[PDB]
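Here are two versions of the same chain, shown separately as structure tokens and labelled structure 1 and structure 2.
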Structure 1
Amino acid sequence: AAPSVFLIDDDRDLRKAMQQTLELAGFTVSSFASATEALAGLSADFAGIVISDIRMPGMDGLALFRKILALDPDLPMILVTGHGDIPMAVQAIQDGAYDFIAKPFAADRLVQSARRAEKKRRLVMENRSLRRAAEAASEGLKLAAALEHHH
């Protein structure tokens, strides 16, 4: 499976330039004009990472970040904005954002950061998959189903 990304920015042209950059870097990139749209495809099972702009109509990037945090704190999120400042960046990192990048930005900073974030996301997902695979026995023995009500 190729590394994947959900990319969000209301600036359509920059969105496409960023998608083009990331696919050059090896990612499979789904893009969206808004955070709410992207959320329709996000869940704790998401194999990739989220790269999102901040200032958008409706739900802004910081609000999306909180929703991702609540959905799965192990799902990496990188914020990119032309409207941030020192204090916002510090707070976002402390809140757990994977990276906080200012526009205009070097494509290599974005790429290297996405690359590492996705590798990290993959390690988490492969371990979750192994854990589930190891549960196959109990489920097939019907042990899981019979013990179900004990949770």
Structure 2
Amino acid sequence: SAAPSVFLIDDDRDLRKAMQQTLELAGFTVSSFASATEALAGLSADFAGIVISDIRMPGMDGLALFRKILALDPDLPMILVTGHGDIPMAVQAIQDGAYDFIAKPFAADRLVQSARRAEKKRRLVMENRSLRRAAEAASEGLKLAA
């Protein structure tokens, strides 16, 4: 089915671009944004992809965005791109539900591996949800029938 999906957020257009190309060259369909609120407006518990964001941003930072996403769906994985100094915070965020972090300057291969792992997680989640809905629907039809 559809190629793996990513909502990518970064105030820095040059880094946003380099990361977006890395992901697209890895087979992902990417929607990128300069701001978190804009990305957020397109997100819901039905989103089949993952979110990748710089942890620091003017306005809504990466952890503020993470908390909005956690509220939307704890199983929608979020990856934090972080400078060395903010790693401890990113590790704390992971303890709180964030999915993973990538250190800057970003290594293209690490970015791809982290995104692929997160996307497999989201895919399993959506498939699980789908199978459960199918089991319920079937069960409901039969229930009525008999």
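Take the two forms, find the largest set of C-alpha atoms that superpose within 1.5 Å, and that set is the rigid core. Here, a residue number simply tells you its place in the sequence of structure 1, counted from 1.
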Out of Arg115, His83, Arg122, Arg66, the position with Cα displaced 2 angstroms or more between the two structures on rigid-core fit is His83
- Task: Once the core is aligned, please say if the CA of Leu24 is shifted by at least 2 angstroms between the two structures.
- Result: no
Does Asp10 shift between the two structures by 2 angstroms or more at the C-alpha, the core having been superposed? no
Core-superposed C-alpha displacement of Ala136 between the two structures, in angstrom, equals 4.2
Superposed on the core, the Cα displacement of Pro104 between the two structures in Å comes to 0.8
